[PDB]
Amino acid sequence: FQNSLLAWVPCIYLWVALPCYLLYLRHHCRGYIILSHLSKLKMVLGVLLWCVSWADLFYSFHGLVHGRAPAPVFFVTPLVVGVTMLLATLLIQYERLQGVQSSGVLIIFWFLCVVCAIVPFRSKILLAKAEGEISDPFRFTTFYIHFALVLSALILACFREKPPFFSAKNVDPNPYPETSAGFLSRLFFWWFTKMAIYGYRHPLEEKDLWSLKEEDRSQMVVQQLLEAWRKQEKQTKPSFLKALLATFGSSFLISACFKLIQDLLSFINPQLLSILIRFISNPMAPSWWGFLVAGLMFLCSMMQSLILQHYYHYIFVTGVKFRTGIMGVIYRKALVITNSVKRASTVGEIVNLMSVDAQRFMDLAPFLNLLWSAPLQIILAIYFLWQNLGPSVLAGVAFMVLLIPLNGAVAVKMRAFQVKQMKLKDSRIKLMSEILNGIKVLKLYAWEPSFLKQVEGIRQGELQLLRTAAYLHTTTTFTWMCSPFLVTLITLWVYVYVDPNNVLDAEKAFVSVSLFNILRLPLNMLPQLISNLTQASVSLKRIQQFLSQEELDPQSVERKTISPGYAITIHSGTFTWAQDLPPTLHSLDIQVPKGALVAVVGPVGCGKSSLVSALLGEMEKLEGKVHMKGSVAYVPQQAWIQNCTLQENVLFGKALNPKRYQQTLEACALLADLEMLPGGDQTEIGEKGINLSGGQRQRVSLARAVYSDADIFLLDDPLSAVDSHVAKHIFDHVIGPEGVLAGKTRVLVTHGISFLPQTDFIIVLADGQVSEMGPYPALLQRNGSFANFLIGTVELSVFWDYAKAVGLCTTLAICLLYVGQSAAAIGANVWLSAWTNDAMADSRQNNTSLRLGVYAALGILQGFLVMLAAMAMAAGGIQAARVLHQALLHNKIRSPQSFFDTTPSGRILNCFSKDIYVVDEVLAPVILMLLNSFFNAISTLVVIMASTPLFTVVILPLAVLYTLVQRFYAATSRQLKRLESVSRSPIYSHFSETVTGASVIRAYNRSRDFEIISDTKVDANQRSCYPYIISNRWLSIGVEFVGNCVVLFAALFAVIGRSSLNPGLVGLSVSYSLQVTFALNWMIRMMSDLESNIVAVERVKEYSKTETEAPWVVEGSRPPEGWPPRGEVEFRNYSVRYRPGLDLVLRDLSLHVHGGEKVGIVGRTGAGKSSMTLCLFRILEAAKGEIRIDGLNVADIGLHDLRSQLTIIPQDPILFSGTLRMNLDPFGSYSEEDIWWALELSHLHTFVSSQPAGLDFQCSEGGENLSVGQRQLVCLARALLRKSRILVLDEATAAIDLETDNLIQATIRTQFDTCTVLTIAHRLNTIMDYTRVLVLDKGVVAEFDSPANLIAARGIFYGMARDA
């Protein structure tokens, strides 16, 4: 009694001298004392001094068992001398961050600790060996480890550290706001709030993120990991694992003690719950016991949920440096791997070495501690269950383990139904892409119903396949909602029936419920652990074998010594691409003097590229030596271009000299290319840029080499794909004698001939052996081989649109079917909470059978009302998918052709691809988990208010706080993930190059510059991944504060009303409140996935509203059938426009055409003739005037009763992939004997009759498996299949030979001589045989008469005819 009271004295010194000392530490303002061995070894005497109170504290809790109760303030002292230790070992770490060499407060604090211990020390030592023997060994052997360590800390406290030598300000813009943050505003992540608020009001941009602290930069993590790798390589067993284990494994032990002292801190709270329950069952205990056990119960869950949010802050940051020091030691390897290794792989398979690999190393970081933590708090969380419910928790753990197989078999059965839904979805999207590509022709044959039905036919299969792939989410909401009940049910059923006298009471039931909740989380997240450890040790082997490749940098060329006058000197060398292959170049004796233009020529493949590769060092030199001196400019055969701007490629790491840059552009014949390029020159080139022509690319490479102005110019025939005139001009102004590169050494490798006469010097290779080395005439006269060779949020309207699509008579059957299961769960819990209040003295308390039955058959009802609601939600999700996709199709199909002209077919397809996939198979389970987690946080919070009603008064501000933190978090964590997505891609797009073009980089000795560029591209990703690691901690602090104020109040209001409560409903109210923060984290995760995934359904509903003209059939205004060959198609003041709001394309046009007569439409380009083929077909709806067919107003018919009476031969020949039968009659109303006859008229009969498939011939993606003329014969065959009375031919003589043209015009003349044939053309010779010709000019009719009369009229057609 007289020692515990004394133990408080130092522990009350810190907590009163802290606020008057921390404020002092706001007066140095720059300390940063360096972490030496006297500090990191000093703040670890804190953690052990804490683990020696925990071991002492839980010995008191072992007094509840065995009945022997310690003193009331005898388990409190270990819990206050175990928080000042977590405050000592934190003032040590925070004083170091300031400039406090001698602590002052901490030294006298340790002095107090030792002095306050001496009196208890001198209270047992005189009674230890004098009295006798051990005498309670635990407290006697624990009081010294809190004296040995306190004396060690006192010794290490009165020391003095080195001077701080704090740095300068060193940063003008906004820095990381953790450096220079308070002690409270750093424990609670309060420094992020300034961004969160900001992120709510404005859109975050890369200009707002935080500059990295210096030790986190991209170049200072790869530099430390490189040194470890090199030190490992010196060991002459090169393994990579221990290199980064010795690199980061010291910031991974700082995160393995937070995890420890948070795993140990989470088992206190069940024990305090047991104390509280035992207290309420006793009516004589003073209330301040209850208030003290309800106060500790919150200040022990507010530092178990604070140490955990700081373990995550250090293991996520150490994971952003696993994959930053690895994406930089690979990129530093990609620049030195020999070319054999590069050619024995794929450029895109090494990109995957950090795109796919080396990025799951940041996923394995969080899980790398569950390797020792998850076992630790199973083995421990069972030990506490065992002393509560005895061996009857073998079943409650066996079931929760057995739940891993029967929940991992429903993650590989959800891959059999997840690939079958990917092949089918990709077939559907391929059909959709084929429709969107050619929609013009598919709109104007009135084939819309056929292809629409064909798309619905294979959407039906996908929906039917989701009818069985969404009944495996019924089995993922079971083990999440009905497992917490079923473990309790199995445990209690075994417990009450393994022994008749196992009385079930309040503590046994509810503290063990709490321990089951603890045991749950580390137990269901072993599957992910094994998944990662097995799929991220495959990655490590790939990275290890890549880094253990062969680097070719053996100084293969001496850049120092040459006999004066020569630039290149090869001395009998031999070269091969790889040692296994036979040598490619043998015994080369080459003496290229300075400034000389040497042309290296020979038979095609005689060793031309190999010579340049050897001179650059790319070839493995088997024997010999090469001495080349000077800066080398290299022009590769296949030009390599950065994903950058044409000025930066041509600059290529040189200072912009505009006087010289213009000269290089003019000499390399690039000033011409600066005109027709979109942006001029600053346009991007490459994959995100514009595909330049091959000649343009190789001239860009030549310009890069020329502007580099190096000493030597190695050339690999850059003018292969360049026109002769351009090639000769380039040779004159750049390469040849009069060119700029006159005083510089040159080397030429070529297949050509015309450059040899202008050459200064020529070397002839002979199968890897130099044959002749002489000038052009000397070699020519010898008759050698040379002679022979010559952003906001979503409104309620979106959710109501989704609910209406699902069916608001099925949205009800879900939102009042979780209410039923919520009520059944509350009822089962209340029934248990009345079973634990057994008849405290009565023999007839033998209704264990009844009490167990009305609990089993009432938690089961809570099962059959979540499967019956998960199934209803799955059915509603697939119904919404079907309805929304049906609307999307039936709208975009009927959309006017103007919408397709405006919008590119790429923006259309993503909606059918990525805005429906989200609607189809990620919204259904996100809704389901948001409903799972909302009806767990509501039952939990209405079983508390039902027991202690006063508690309700605190739920109004703890809901304002929770919704406020969600509104502020989701509005920022949404922008940081978008902002991270747009910056993760450039790293890989930059690693794509520097692998393909590492030879060019090395040639301009430009490897350091590219390392710098990769560092600043990894660092821009890293500036946006450091937030979103802290917006998730500033959230989990504002959610584990709401979830721990509920813990405080559910106990405070249960001690306040202790006279009406009983040991039962308080155990429920309290133990069922510890996991109110596990359902508030899930309801924050899902409420923000949902808020972002649901913009897509309002996009799908936005694009389903675009205006359309959709009278396919009127069925009430049907024109008379049996259409006659009257052909009396007459315009009447007709006027049309492509775009609503533009000028009149055809103004006041008027004509009358009799049946069968041939009328031709000709004119200048842009006269609107094309749109004329679109005005009879009502593609562009009649604006002014009208159009009449046989005296009938066309504007009064269903569109598919208009277009199904007119036939054309459309401009673009489109063949939709499938059988050739489909491409001739999609509606399938044509007999097969007529089809073949049409193929004889089409003159395509020979092809189809010869082919084995015949009527089932397969077609590729739009007529690339068929020649052009075959495509036009297919169109003509469609025409003969239709054979209406009106035909509108469309200019089919543009890019085909005459023979096909002969066939098509002959068939038109013969077969359709009984039809009204309208024809448009630019080739008048096609229409010279037509009876009458119509000529349009400026959208108004000018001449309309016979070809002879129009020629006789001396008109525009007469002038146009002379032009042909």
# chains A, B, ... in the order shown; residues from 1 in each chain; ligands from 1
call {"tool": "residues_around", "arguments": {"residues": "region 1131-1145 of chain A", "least_positions_apart": "4", "cutoff": "8 Å", "atoms": "only C-alpha atoms", "output": "PyMOL selection string"}}
result
chain A and resi 898+1149-1152+1167-1168+1171+1175+1180-1188+1338-1339
call {"tool": "residues_around", "arguments": {"residues": "residue 1290 (chain A)", "least_positions_apart": "4", "cutoff": "10 Å", "atoms": "only C-alpha atoms", "output": "list in words"}}
result
residues 1161, 1169, 1170, 1173, 1208, 1209, 1210, 1211, 1212, 1318, 1319, 1320 and 1321 of chain A
call {"tool": "residues_around", "arguments": {"residues": "region 474-484 of chain A", "least_positions_apart": "4", "cutoff": "8 Å", "atoms": "only C-alpha atoms", "output": "MDAnalysis selection string"}}
result
chainID A and resid 400 403 407 410 470 488 517 859 862:863 866:867 870:871 928:929 932
call {"tool": "write_last_selection", "arguments": {"atoms": "N, CA and C atoms", "output": "short mmCIF file (atom, residue, chain, number, x, y, z; two decimals), in the first residue's frame"}}
result
data_model
loop_
_atom_site.label_atom_id
_atom_site.label_comp_id
_atom_site.auth_asym_id
_atom_site.auth_seq_id
_atom_site.Cartn_x
_atom_site.Cartn_y
_atom_site.Cartn_z
N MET A 400 -13.68 -20.25 -37.15
CA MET A 400 -13.16 -19.03 -37.76
C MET A 400 -11.93 -19.29 -38.61
N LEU A 403 -13.22 -20.99 -41.84
CA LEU A 403 -13.83 -19.98 -42.69
C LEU A 403 -12.85 -19.39 -43.70
N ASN A 407 -13.85 -19.44 -47.90
CA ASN A 407 -13.89 -18.06 -48.36
C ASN A 407 -12.69 -17.77 -49.26
N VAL A 410 -14.17 -19.21 -52.74
CA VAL A 410 -15.13 -18.29 -53.33
C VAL A 410 -14.35 -17.04 -53.70
N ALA A 470 -22.79 -13.22 -59.18
CA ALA A 470 -23.21 -12.36 -58.09
C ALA A 470 -23.90 -13.13 -56.98
N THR A 488 -19.90 -17.16 -31.93
CA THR A 488 -20.46 -17.12 -30.58
C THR A 488 -21.42 -18.27 -30.34
N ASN A 517 -13.77 -10.66 -31.22
CA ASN A 517 -13.65 -9.52 -32.12
C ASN A 517 -12.19 -9.13 -32.34
N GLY A 859 -30.49 -16.13 -34.51
CA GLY A 859 -29.37 -15.68 -35.31
C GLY A 859 -29.39 -16.28 -36.70
N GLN A 862 -31.33 -14.14 -38.73
CA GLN A 862 -30.47 -13.05 -39.17
C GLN A 862 -29.57 -13.46 -40.32
N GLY A 863 -29.47 -14.75 -40.61
CA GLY A 863 -28.77 -15.22 -41.78
C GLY A 863 -29.68 -15.27 -42.98
N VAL A 866 -30.12 -11.97 -44.66
CA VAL A 866 -29.05 -11.30 -45.38
C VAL A 866 -28.72 -12.02 -46.68
N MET A 867 -28.88 -13.34 -46.74
CA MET A 867 -28.80 -14.03 -48.01
C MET A 867 -29.97 -13.66 -48.89
N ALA A 870 -28.86 -10.10 -49.85
CA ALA A 870 -27.74 -10.08 -50.79
C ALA A 870 -28.17 -10.58 -52.16
N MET A 871 -29.00 -11.62 -52.20
CA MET A 871 -29.51 -12.09 -53.48
C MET A 871 -30.40 -11.04 -54.14
N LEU A 928 -23.52 -3.34 -51.50
CA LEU A 928 -23.77 -4.41 -50.55
C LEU A 928 -22.92 -4.24 -49.31
N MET A 929 -21.65 -3.85 -49.47
CA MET A 929 -20.80 -3.67 -48.30
C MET A 929 -21.10 -2.37 -47.56
N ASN A 932 -23.94 -3.48 -45.53
CA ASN A 932 -23.47 -4.34 -44.45
C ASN A 932 -22.88 -3.52 -43.32
#
call {"tool": "residues_around", "arguments": {"residues": "region 1253-1269 of chain A", "least_positions_apart": "2", "cutoff": "8 Å", "atoms": "only C-alpha atoms", "output": "ChimeraX atom specification"}}
result
/A:434,1213-1221,1248-1251,1271-1273,1296,1300
call {"tool": "write_last_selection", "arguments": {"atoms": "N, CA and C atoms", "output": "JSON list (two decimals), in the first residue's frame"}}
result
[["chain", "number", "residue", "atom", "x", "y", "z"],
["A", 434, "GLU", "N", -16.83, -2.34, -83.96],
["A", 434, "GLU", "CA", -17.12, -2.49, -85.39],
["A", 434, "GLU", "C", -18.33, -1.66, -85.80],
["A", 1213, "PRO", "N", -16.36, 1.08, -98.19],
["A", 1213, "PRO", "CA", -16.87, -0.29, -98.14],
["A", 1213, "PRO", "C", -16.58, -0.91, -96.78],
["A", 1214, "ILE", "N", -17.63, -1.19, -96.01],
["A", 1214, "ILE", "CA", -17.49, -1.69, -94.65],
["A", 1214, "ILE", "C", -18.00, -3.12, -94.61],
["A", 1215, "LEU", "N", -17.17, -4.01, -94.07],
["A", 1215, "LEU", "CA", -17.51, -5.42, -93.92],
["A", 1215, "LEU", "C", -17.45, -5.76, -92.44],
["A", 1216, "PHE", "N", -18.62, -5.95, -91.83],
["A", 1216, "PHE", "CA", -18.69, -6.27, -90.42],
["A", 1216, "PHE", "C", -18.29, -7.73, -90.22],
["A", 1217, "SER", "N", -17.35, -7.96, -89.31],
["A", 1217, "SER", "CA", -16.75, -9.28, -89.16],
["A", 1217, "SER", "C", -17.81, -10.34, -88.90],
["A", 1218, "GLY", "N", -17.72, -11.43, -89.64],
["A", 1218, "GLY", "CA", -18.68, -12.51, -89.54],
["A", 1218, "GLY", "C", -18.76, -13.25, -90.86],
["A", 1219, "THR", "N", -19.79, -14.09, -90.96],
["A", 1219, "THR", "CA", -20.02, -14.82, -92.20],
["A", 1219, "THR", "C", -20.36, -13.85, -93.32],
["A", 1220, "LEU", "N", -19.93, -14.19, -94.54],
["A", 1220, "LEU", "CA", -20.29, -13.38, -95.70],
["A", 1220, "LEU", "C", -21.79, -13.39, -95.94],
["A", 1221, "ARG", "N", -22.51, -14.38, -95.43],
["A", 1221, "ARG", "CA", -23.97, -14.37, -95.50],
["A", 1221, "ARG", "C", -24.54, -13.18, -94.75],
["A", 1248, "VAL", "N", -16.14, -16.96, -103.94],
["A", 1248, "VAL", "CA", -16.90, -17.66, -102.92],
["A", 1248, "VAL", "C", -17.05, -19.14, -103.26],
["A", 1249, "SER", "N", -17.27, -19.46, -104.54],
["A", 1249, "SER", "CA", -17.42, -20.86, -104.92],
["A", 1249, "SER", "C", -16.13, -21.64, -104.74],
["A", 1250, "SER", "N", -14.98, -20.98, -104.92],
["A", 1250, "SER", "CA", -13.70, -21.66, -104.73],
["A", 1250, "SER", "C", -13.40, -21.88, -103.25],
["A", 1251, "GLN", "N", -13.71, -20.89, -102.42],
["A", 1251, "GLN", "CA", -13.38, -20.97, -101.01],
["A", 1251, "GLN", "C", -14.16, -22.11, -100.35],
["A", 1271, "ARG", "N", -14.25, -5.78, -101.83],
["A", 1271, "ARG", "CA", -15.17, -5.05, -100.97],
["A", 1271, "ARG", "C", -16.24, -4.33, -101.79],
["A", 1272, "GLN", "N", -15.84, -3.68, -102.88],
["A", 1272, "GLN", "CA", -16.86, -3.02, -103.70],
["A", 1272, "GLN", "C", -17.78, -4.02, -104.38],
["A", 1273, "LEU", "N", -17.28, -5.20, -104.75],
["A", 1273, "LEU", "CA", -18.18, -6.24, -105.25],
["A", 1273, "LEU", "C", -19.12, -6.74, -104.17],
["A", 1296, "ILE", "N", -9.67, 2.52, -107.51],
["A", 1296, "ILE", "CA", -9.70, 1.14, -107.97],
["A", 1296, "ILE", "C", -9.26, 1.11, -109.43],
["A", 1300, "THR", "N", -12.18, -3.61, -112.27],
["A", 1300, "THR", "CA", -13.27, -3.57, -111.30],
["A", 1300, "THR", "C", -14.27, -2.48, -111.65]]
call {"tool": "atom_distance", "arguments": {"atom1": "CA of residue 12 (chain A)", "atom2": "CA of residue 74 (chain A)"}}
result
16.1 Å
call {"tool": "residues_around", "arguments": {"residues": "region 907-922 of chain A", "least_positions_apart": "2", "cutoff": "10 Å", "atoms": "only C-alpha atoms", "output": "MDAnalysis selection string"}}
result
chainID A and resid 418 425:426 428:430 432:433 436 463 466 469:470 802 874 877:882 884:885 888:889 892 900 903:905 924:927 1089:1090 1093:1100 1103
call {"tool": "write_last_selection", "arguments": {"atoms": "C-alpha atoms", "output": "compact mmCIF listing (two decimals), in the first residue's frame"}}
result
# COMPACT_ATOMS: atom_id res chain seq x y z
CA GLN A 418 -14.64 -13.63 -64.15
CA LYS A 425 -17.34 -8.83 -72.78
CA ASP A 426 -14.44 -8.38 -75.20
CA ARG A 428 -19.28 -7.58 -77.20
CA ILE A 429 -16.93 -4.60 -77.21
CA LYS A 430 -15.37 -5.79 -80.47
CA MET A 432 -19.53 -2.41 -80.59
CA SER A 433 -16.26 -1.05 -81.98
CA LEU A 436 -19.06 2.58 -84.18
CA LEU A 463 -25.97 -10.97 -67.89
CA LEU A 466 -23.53 -12.48 -63.89
CA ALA A 469 -21.23 -14.60 -60.45
CA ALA A 470 -23.21 -12.36 -58.09
CA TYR A 802 -29.74 4.12 -59.79
CA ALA A 874 -27.43 -8.87 -56.77
CA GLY A 877 -27.74 -4.76 -59.68
CA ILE A 878 -27.93 -6.95 -62.76
CA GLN A 879 -31.38 -5.56 -63.58
CA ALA A 880 -29.99 -2.03 -63.35
CA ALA A 881 -27.09 -3.08 -65.58
CA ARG A 882 -29.48 -4.49 -68.18
CA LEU A 884 -28.99 1.16 -68.30
CA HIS A 885 -27.16 -0.64 -71.10
CA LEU A 888 -27.42 3.47 -73.76
CA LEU A 889 -27.63 1.37 -76.92
CA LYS A 892 -26.59 6.11 -79.20
CA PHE A 900 -20.92 10.74 -84.69
CA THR A 903 -17.42 13.02 -81.32
CA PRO A 904 -14.52 10.65 -82.09
CA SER A 905 -15.27 6.94 -81.88
CA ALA A 924 -23.40 -4.16 -56.88
CA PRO A 925 -20.94 -5.33 -54.15
CA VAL A 926 -19.98 -1.82 -53.03
CA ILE A 927 -23.64 -1.07 -52.33
CA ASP A 1089 -15.67 4.17 -53.12
CA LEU A 1090 -19.39 4.51 -53.78
CA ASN A 1093 -17.82 4.83 -58.56
CA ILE A 1094 -21.28 6.39 -58.95
CA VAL A 1095 -20.29 9.29 -61.20
CA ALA A 1096 -20.27 6.66 -63.93
CA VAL A 1097 -23.96 5.81 -63.63
CA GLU A 1098 -24.79 9.49 -64.06
CA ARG A 1099 -22.53 9.57 -67.11
CA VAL A 1100 -24.44 6.57 -68.49
CA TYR A 1103 -25.34 9.95 -72.57
call {"tool": "closest_atom_pairs", "arguments": {"of": "region 579-604 of chain A", "to": "region 774-788 of chain A", "cutoff": "10 Å", "atoms": "only C-alpha atoms", "output": "JSON lines"}}
result
{"residue": "A:598", "atom": "CA", "partner": "A:775", "partner_atom": "CA", "distance": 8.9}
{"residue": "A:599", "atom": "CA", "partner": "A:775", "partner_atom": "CA", "distance": 9.5}
{"residue": "A:601", "atom": "CA", "partner": "A:786", "partner_atom": "CA", "distance": 8.3}
{"residue": "A:602", "atom": "CA", "partner": "A:786", "partner_atom": "CA", "distance": 7.6}
{"residue": "A:603", "atom": "CA", "partner": "A:785", "partner_atom": "CA", "distance": 9.1}
call {"tool": "write_last_selection", "arguments": {"atoms": "C-alpha atoms", "output": "PDB file, in the first residue's frame"}}
result
ATOM      1  CA  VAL A 598      35.497   7.121 -94.581  1.00  0.00           C
ATOM      2  CA  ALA A 599      32.719   5.176 -96.284  1.00  0.00           C
ATOM      3  CA  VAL A 601      30.835  -0.538 -97.881  1.00  0.00           C
ATOM      4  CA  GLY A 602      30.472  -4.170 -98.867  1.00  0.00           C
ATOM      5  CA  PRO A 603      27.917  -6.835 -99.743  1.00  0.00           C
TER       6      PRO A 603
END
call {"tool": "select_by_dssp", "arguments": {"residues": "region 911-1099 of chain A", "states": "alpha helix (DSSP H)", "output": "PyMOL selection string"}}
result
chain A and resi 911+914-921+923-934+939-947+957-992+998-1003+1007-1025+1033-1039+1042-1056+1065-1071+1078-1093+1095-1099
call {"tool": "residues_around", "arguments": {"residues": "residue 683 (chain A)", "least_positions_apart": "4", "cutoff": "9 Å", "atoms": "only C-alpha atoms", "output": "list in words"}}
result
residues 644, 645, 646, 647, 677, 678, 679, 689 and 690 of chain A
call {"tool": "write_last_selection", "arguments": {"atoms": "C-alpha atoms", "output": "CSV table (one decimal), in the first residue's frame"}}
result
chain,number,residue,atom,x,y,z
A,644,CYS,CA,9.4,14.7,-75.8
A,645,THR,CA,9.3,17.8,-78.1
A,646,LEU,CA,11.1,17.9,-81.4
A,647,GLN,CA,13.2,20.7,-80.1
A,677,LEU,CA,3.5,19.6,-88.1
A,678,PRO,CA,0.6,20.5,-85.9
A,679,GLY,CA,2.4,22.4,-83.2
A,689,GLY,CA,3.2,12.4,-79.5
A,690,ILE,CA,2.6,12.3,-83.3
call {"tool": "closest_residue", "arguments": {"among": "A:218, A:821, A:610, A:793", "to": "residue 749 (chain A)", "atoms": "only C-alpha atoms"}}
result
A:610
call {"tool": "atom_distance", "arguments": {"atom1": "CA of residue 295 (chain A)", "atom2": "CA of residue 72 (chain A)"}}
result
14.4 Å
call {"tool": "residues_around", "arguments": {"residues": "region 581-596 of chain A", "least_positions_apart": "2", "cutoff": "9 Å", "atoms": "only C-alpha atoms", "output": "ChimeraX atom specification"}}
result
/A:564-579,598,607,610-611,614,622-624,711-712,741-747,760-761,763,767-770,773
call {"tool": "write_last_selection", "arguments": {"atoms": "C-alpha atoms", "output": "PDB file, in the first residue's frame"}}
result
ATOM      1  CA  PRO A 564      48.524  11.754 -83.559  1.00  0.00           C
ATOM      2  CA  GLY A 565      46.393  12.409 -86.631  1.00  0.00           C
ATOM      3  CA  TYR A 566      44.015   9.443 -86.280  1.00  0.00           C
ATOM      4  CA  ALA A 567      40.585   9.460 -84.643  1.00  0.00           C
ATOM      5  CA  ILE A 568      39.845   5.714 -84.860  1.00  0.00           C
ATOM      6  CA  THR A 569      42.456   2.957 -84.524  1.00  0.00           C
ATOM      7  CA  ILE A 570      41.425  -0.712 -84.533  1.00  0.00           C
ATOM      8  CA  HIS A 571      44.341  -3.117 -84.038  1.00  0.00           C
ATOM      9  CA  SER A 572      43.478  -6.580 -85.393  1.00  0.00           C
ATOM     10  CA  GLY A 573      40.393  -6.827 -83.200  1.00  0.00           C
ATOM     11  CA  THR A 574      37.622  -9.391 -83.309  1.00  0.00           C
ATOM     12  CA  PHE A 575      34.004  -8.805 -82.347  1.00  0.00           C
ATOM     13  CA  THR A 576      30.842 -10.844 -81.834  1.00  0.00           C
ATOM     14  CA  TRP A 577      27.408 -10.049 -80.434  1.00  0.00           C
ATOM     15  CA  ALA A 578      27.776 -12.793 -77.809  1.00  0.00           C
ATOM     16  CA  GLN A 579      30.565 -15.204 -76.911  1.00  0.00           C
ATOM     17  CA  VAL A 598      35.497   7.121 -94.581  1.00  0.00           C
ATOM     18  CA  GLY A 607      29.601  -6.603 -91.247  1.00  0.00           C
ATOM     19  CA  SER A 610      28.768  -4.592 -86.601  1.00  0.00           C
ATOM     20  CA  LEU A 611      31.612  -2.138 -87.243  1.00  0.00           C
ATOM     21  CA  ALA A 614      32.134  -2.403 -82.171  1.00  0.00           C
ATOM     22  CA  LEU A 622      36.999 -11.256 -77.952  1.00  0.00           C
ATOM     23  CA  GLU A 623      40.509 -10.023 -78.784  1.00  0.00           C
ATOM     24  CA  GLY A 624      42.294  -6.862 -79.852  1.00  0.00           C
ATOM     25  CA  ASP A 711      34.309  15.115 -82.652  1.00  0.00           C
ATOM     26  CA  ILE A 712      33.368  11.924 -84.537  1.00  0.00           C
ATOM     27  CA  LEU A 741      30.895  18.535 -90.806  1.00  0.00           C
ATOM     28  CA  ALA A 742      34.072  19.199 -92.788  1.00  0.00           C
ATOM     29  CA  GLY A 743      36.742  19.495 -90.089  1.00  0.00           C
ATOM     30  CA  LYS A 744      35.269  16.664 -88.016  1.00  0.00           C
ATOM     31  CA  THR A 745      35.967  12.966 -88.419  1.00  0.00           C
ATOM     32  CA  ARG A 746      33.259  11.080 -90.285  1.00  0.00           C
ATOM     33  CA  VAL A 747      32.295   7.423 -90.640  1.00  0.00           C
ATOM     34  CA  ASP A 760      37.237  11.175 -98.985  1.00  0.00           C
ATOM     35  CA  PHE A 761      38.205   7.554 -98.233  1.00  0.00           C
ATOM     36  CA  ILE A 763      37.050   0.811 -96.744  1.00  0.00           C
ATOM     37  CA  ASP A 767      33.023 -11.193 -94.553  1.00  0.00           C
ATOM     38  CA  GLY A 768      34.359  -9.582 -91.388  1.00  0.00           C
ATOM     39  CA  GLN A 769      37.848  -9.062 -92.851  1.00  0.00           C
ATOM     40  CA  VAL A 770      38.970  -5.677 -94.154  1.00  0.00           C
ATOM     41  CA  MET A 773      41.398   0.586 -97.772  1.00  0.00           C
TER      42      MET A 773
END
call {"tool": "closest_residue", "arguments": {"among": "A:799, A:951, A:447, A:322", "to": "residue 247 (chain A)", "atoms": "only C-alpha atoms"}}
result
A:322
call {"tool": "decode", "arguments": {"residues": "region 1008-1014 of chain A", "atoms": "N, CA and C atoms", "output": "short mmCIF file (atom, residue, chain, number, x, y, z; two decimals), in the first residue's frame"}}
result
data_model
loop_
_atom_site.label_atom_id
_atom_site.label_comp_id
_atom_site.auth_asym_id
_atom_site.auth_seq_id
_atom_site.Cartn_x
_atom_site.Cartn_y
_atom_site.Cartn_z
N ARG A 1008 24.23 9.82 -66.81
CA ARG A 1008 23.96 10.54 -65.57
C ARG A 1008 22.76 11.47 -65.73
N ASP A 1009 22.66 12.15 -66.87
CA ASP A 1009 21.53 13.04 -67.10
C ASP A 1009 20.22 12.27 -67.12
N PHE A 1010 20.23 11.07 -67.69
CA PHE A 1010 19.00 10.28 -67.73
C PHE A 1010 18.68 9.68 -66.37
N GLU A 1011 19.69 9.37 -65.56
CA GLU A 1011 19.42 9.01 -64.17
C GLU A 1011 18.74 10.15 -63.44
N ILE A 1012 19.21 11.38 -63.66
CA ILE A 1012 18.59 12.56 -63.05
C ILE A 1012 17.14 12.70 -63.49
N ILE A 1013 16.88 12.53 -64.79
CA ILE A 1013 15.52 12.67 -65.30
C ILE A 1013 14.60 11.62 -64.69
N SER A 1014 15.06 10.37 -64.62
CA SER A 1014 14.24 9.34 -63.99
C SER A 1014 14.01 9.64 -62.52
#
